[PDB]
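For reference, the chain that follows is the form deposited in one PDB entry, supplied as C-alpha cells.
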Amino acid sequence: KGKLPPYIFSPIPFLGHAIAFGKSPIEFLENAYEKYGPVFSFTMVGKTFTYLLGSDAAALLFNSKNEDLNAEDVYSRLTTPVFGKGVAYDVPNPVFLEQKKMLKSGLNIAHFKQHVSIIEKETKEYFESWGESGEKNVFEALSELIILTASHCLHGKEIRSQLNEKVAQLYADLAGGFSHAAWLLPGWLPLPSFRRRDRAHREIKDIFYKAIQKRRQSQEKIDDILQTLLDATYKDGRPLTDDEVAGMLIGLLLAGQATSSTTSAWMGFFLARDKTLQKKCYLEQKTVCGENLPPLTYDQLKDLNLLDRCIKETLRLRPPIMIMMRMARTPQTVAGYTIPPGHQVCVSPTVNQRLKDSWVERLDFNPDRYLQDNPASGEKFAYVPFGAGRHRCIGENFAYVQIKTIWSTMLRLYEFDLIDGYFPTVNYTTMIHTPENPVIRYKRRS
C-alpha cells in the first residue's frame, strides 16, 4: 500500500541522475543493483523512474496489461517524430494491435523460405565491392546491406527497387531520434531526425502514389504484399490513409534494419576476436551444408546450431534495445514494494542478461553457455532481447533468418580479424548502442 522502493539520493534538484545515467546507463544500473537491490527509484529531469532488475522483478513489466503499465505514454515522444502520426505509439493500443497483426501477414516459414536466397544474393552482391582483402567499416556496410535485405524481404522487390544504400544514412538519422535527449526533453532540438522523416515519407508516398496511380483503374492479379496494406481495413471496416500506409512502411523498414545492423556488426567483432570460434563456425557451414558450399536453404539454417548460439550470445551481450519503458497508470506491487501511478517503470535486457548472480563469466562471449544449465532456459526473464508479454516482438524469426543468412554468407566469403587487437567500445550517443570505430580486417576465405 505504502512501501515505496528505495530512492537513490541525488544532491542535484530536478535534474537528478540524468547525466550519470545517460552517460553510462549499464554501469549506473549495475552499481544501483549492488547498493539498493532489484527494485529502486531515482529522479531524472524532474521525473521518478523505477527500475526492475533480474527475472523476478522484471516479471511485473513483462506480465502487465497496457492499461496498468502503458507503453505509448513513454514511447510516443520517441517514435512519433520517426514514423509519423497515426501509427504505433501515436494511437491507442487496440488500434496498434491491428497494425501489428497486419505487419505479421508476411512473417511465416512460407515467406522465410523465399527470404534465404534473396538475402544470400544481396550479401554476395554487396560484398563484391570489398575485393580480396582490406580494412573497412563493417557497421556502415551492414547498415547499407540490411536496408537492401530487409526492404527486399519485408517490403518486396517493387519497394526494394526504389531504395539504395544511401537510405542507410536516412535510417541512421531516424535512429538518432532514439536518445536520452528525445526521451526526457521537449521535442525542439538542433538534430536532424526531422529532415530524414520527411525524405523517407516522400519516397514511400511516391512508391504507393505510383501503385495507387494504378490503384484507380488497376486490379493487379499477382501474389503481392504491398496490396495487403493498401487492401486492408481496420475491424470497423475503415481503409488505411496514405499517411498510415507510409508510417507503417517506415516502421517495418526501421524494425528490419536498425535492430539487425548493430547486432550483426557486434557479432563480427566477437567472431574476429575469437579466431577459434570463427573457424568452428566456418567448419560448421561445411559440416551442415557440404564441403562444396552450395546455395543456403531455410532447413539448413535450423542446423547451424553453433552460429545460432553465437547470434544468441551477441543479443545477450549487445542487445540493440537496452531498456524498455512504461508509465504506471495504476498502483503496482513487486518484491514487497508499491509503485504509485506516475512512476516511469523500466526493465533492462542488457542488465538482466549479464546480472552477476545469474550469469557465469558474465562479460565473456561463450556461445557454449547454452549447452548446459543457463538462465535463458533456467529463468523466465533473465534473457529477453525481443521482450515478452503484450508488447513482445513479431520479428524474432525474421531477424534470425536475416542475421544467420548474412553471417553464413560473410564467413564463406572472408576471414575477419581485429585491427591491432582493438575491440570496439560502446557508443551511448543513442539508446541503440553501436560499436565505436567499427573498422574490421578481412581477407578471402580458404
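So that there is no doubt, residue numbering starts at 1 and follows the sequence shown. Basically, rigid core = biggest C-alpha set you can superpose within 1.5 Å across the two forms. Only residues modelled in both forms are compared.
Looking at mean Cα B-factors across 170-178 and 210-218, the upper value is held by 210-218.
The stretch 287-295 shows the higher mean C-alpha B-factor when 79-87 is compared against 287-295 in the entry.
Comparing the C-alpha B-factors of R369, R202, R316, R196 in the entry, the top value falls on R202. Highest CA B-factor among the listed residues (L307, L163, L252, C346): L163. Ranked by C-alpha B-factor against the other modelled residues of its chain, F49 falls in the middle third. Per the PDB record, residue ranking by Cα B-factor puts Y428 in the lowest third of the chain.
In this PDB entry, the Cα temperature factor of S151 sits in the middle third of its chain's modelled residues.
Ranked against the other modelled residues of its chain, the C-alpha B-factor of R326 as given in the entry falls in the lowest third. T333: CA B factor lies in the middle third for its chain, per the PDB record.
Another form, the form deposited in another entry, is not on view; read the next lines as being about it.
No residue in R318, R309, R196, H343 other than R196 shows a CA shift of 2 angstroms or more between this form and the one not shown after fitting the rigid core.
Once the cores line up, the CA of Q213 ends up 2 angstroms or more apart between this form and the one not shown. For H391, a C-alpha deviation of 2 angstroms or more is recorded between this form and the one not shown after rigid-core alignment.
Taking 2 Å as the criterion, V288 does not count as shifted between this form and the one not shown: its C-alpha moves by less than this amount when the rigid core is aligned. Relative to the shown form, the Cα atoms of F208 and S143 move together by 3 Å or more in the other entry.
Between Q99 and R197, the Cα distance is greater in the other entry than in this structure, by no less than 3 angstroms.
Segments displaced between this form and the one not shown are 164-225, 389-391 (runs of at least 3 consecutive residues, each Cα moved 2 Å or more after rigid core superposition).
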